[PDB]
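In structure tokens, the next block holds one chain alone, the form deposited in one PDB entry.
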């Protein structure tokens, strides 16, 4: 990571390595105990069969609910619903038949089935199937089930992809028709999502200069939609030090407000996590984005004293 140390890096395969260590330790233990190795395989297969049967029971329980959404979620198809509730039906059926064959045959199946169903019903009714926070976060980042992902892609697709290509032209026009504004757009990324509408209320040194010429385009059925970029003066010890096109990242305002509305179901820990995820995703997008031909810089900072103007000037004087 390079934006800010607080930004987490993508998760690796540490869990699989721990699993391999656990497997080795368990095999060594079973070897030490000196137990009939055929029993080990027998009972492991029985345990996996129990897991498969429990998955089947929970899947039918969830199907009881998902069938009410068949015509809206699954195109009125029962096969798609069954697949959503039990994975691939062919593999699940194959493993179910293997379980049945290797339980009835290896040294009652109906009693075991009743017990597994009782356990599954107890877990479902009491809500014991809740995923751990780490598992939920891993599932969300893996499949990009996050608001920050969509916000970053909206910021790139809706604003940056349509502004950065025509940013140098407007800057050169302003320079011709008027100071030495830095030839880039600097985006502030407050991880606290404290985005004021005025940069002068954050740091007095950051003062408002003139503005770039408006950019107009037809967007989503709105004729001549306006995009305006403001130019700000950076004051050091009361004297101007540098000029640049500065602006906060607006989606952080949405992240902050969502933590203020109870209807959003968005907590403050979620706010921080999604802000950092937004920063990471935006950096990843800009890395491979062809529009960003050195036309944008991301400035992520955290408030513990702190001077925003100093960070901007550090990123400018490099």
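Positions refer to the first chain, counted from 1. For clarity, a rigid core is taken as the largest C-alpha set superposing within 1.5 Å between two forms.
Residue 75 is built in all of the other entries compared, counting only those with both neighbours built, so it is not a gap in a third. In the other compared entries of this protein that model both flanking residues, residue 223 lacks coordinates in at least a third of them. According to the entry, the deposited sequence runs straight from residue 221 to residue 222 with no unmodelled residues in between. The segment from residue 178 to residue 179 is interrupted, since 4 to 9 residues of the deposited sequence in that interval carry no coordinates.
Missing here is the form deposited in another entry; even so, the following discussion is about that form.
Among the candidates 147, 188, 235, 202, displacement between the shown form and the other one reaches 2 angstroms at the C-alpha for one position only, 235 (superposition on the rigid core).
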